There are 2 protein chains.
Amino acid sequence: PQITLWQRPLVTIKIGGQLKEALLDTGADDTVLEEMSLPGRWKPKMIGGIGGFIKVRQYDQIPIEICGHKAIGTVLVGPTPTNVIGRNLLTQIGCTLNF
Amino acid sequence: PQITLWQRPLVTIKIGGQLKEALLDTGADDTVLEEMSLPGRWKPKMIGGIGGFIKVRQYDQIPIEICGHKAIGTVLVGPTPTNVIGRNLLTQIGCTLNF
Ligand SMILES: CC(C)CN(C[C@@H](O)[C@H](Cc1ccccc1)NC(=O)O[C@H]1CO[C@H]2OC[C@H](Cl)[C@H]21)S(=O)(=O)c1ccc(N)cc1
Ligand SMILES: [Cl-]
Ligand SMILES: [Cl-]
Ligand SMILES: [Cl-]
């Protein structure tokens, strides 16, 4: 698809059996989602943004589906005010900026 | 241009006759730059990030070049970790996401 930027670029993602709304976010290195359960190993991480840092749990090798596009990658879970899909997963669905 | 997302989408901007580096950030509503001088009067704004809110100065109708593309619009100035070009200016330069 071609996604306009007049509005926030929200999409539905399928992850861990759940459907969530998330922001396609080229300024995020990493995908960060609100509190949820995921399976397997994780390690603590601090990530930083406008306003400072938050602590998250880093899960690796998590399957996700975005707009029909399957991918696998790292998902950070913690107290983000909004769900963001970061570059680590945007690359995998072949997402580019164009102008 | 078409910009892939394997690295941060950093571009050169020009504002007030000076070159800076900034991040093309589809997850930002608003453009926010690190401390700098701009002309005219400013209004107050709070903007909300991953780690909470910060106070910024809002300047309106500021000329800014982004990757050589000419825009004129609102620039927020404050203690952001990184210069970000948000959707308010990405729309002026005809930017879309595509996959
Ligand atoms: C997270 C969005 C809801 C909004 N944010 C833009 C977002 O792309 C934000 C931009 C940014 C970049 C580097 C450092 C600080 C902030 N990205 C972001 O927080 O990414 C997080 C998760 O991935 C990491 O890679 C970048 C930072 Cl260090 C971490 S923002 O808080 O920075 C923001 C909010 C409003 C405006 N007008 C501008 C920016
Ligand atoms: Cl990854
Ligand atoms: Cl590619
Ligand atoms: Cl504007």
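All ligand and atom numbering here is 1-based and tracks the order in the structure. In what follows, every chain begins at residue 1, and chains take the letters A, B, ... in the order their sequences are listed. Note: hydrogens, waters and symmetry copies are ignored here, and every other heavy atom, side chains too, is used.
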### Message
Among A:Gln18, A:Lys20, A:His69, which residue satisfies the side chain to side chain contact (heavy atoms under 4.5 Å, CB included) criterion with A:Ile13?
### Response
A:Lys20
### Task
Determine the interplanar angle of the B:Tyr59 and B:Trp42 rings, folded into 0 to 90°, and report it as parallel if under 30°, tilted if 30 to 60°, perpendicular if over 60°.
tilted
### Query
Counting both backbone and side chain atoms, is some N or O of A:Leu23 under 3.5 Å from an N or O of ligand 1?
no
#### Entry: Ligand-residue contact atoms, ligand 1 with B:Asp30, heavy atoms, under 4.0 Å
36 (C), 37 (N), 38 (C)
### Query
Can we say B:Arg87 and B:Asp30 salt-bridge, meaning some charged N sits less than 4.0 Å from an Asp/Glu carboxylate O?
no
### Query
According to a 4.5 Å side-chain heavy-atom criterion applied to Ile, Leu, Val, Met, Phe, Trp and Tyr, with indirect links allowed, do A:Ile62 and A:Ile66 form part of one hydrophobic cluster?
yes
### Message
For ligand 1, which is the ligand I care about here, please tell me if A:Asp25 has any N or O atom under 3.5 Å from one of the ligand's N or O atoms.
### Response
yes
### Polar side chain donor-acceptor pair, B:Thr74 to B:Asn88, under 3.5 angstrom
no
### Query
In Å and rounded to the nearest 0.5 Å, what is the CD to CD1 distance from B:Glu65 to B:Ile72?
11.0 Å
### Query
Which atoms from ligand 1 have a heavy atom of B:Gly49 less than 4.0 Å away?
31 (O)
### Summary
When distances are taken from atom 32 (O) of ligand 1, the protein heavy atom at minimum range is A:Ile50 CD1, 3.1 Å
### Task
Would you tell me which option among B:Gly27, B:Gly51, A:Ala28, B:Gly48 has the nearest heavy-atom contact to atom 4 (C) of ligand 1?
B:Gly27
### Query
Which atoms from ligand 1 have a heavy atom of B:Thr82 less than 4.0 Å away?
12 (C), 13 (C), 14 (C)
### Task
Give the residue, atom name and distance (to 0.1 Å) of the protein heavy atom nearest atom 23 (O) of ligand 1.
A:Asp29 N, 3.2 Å
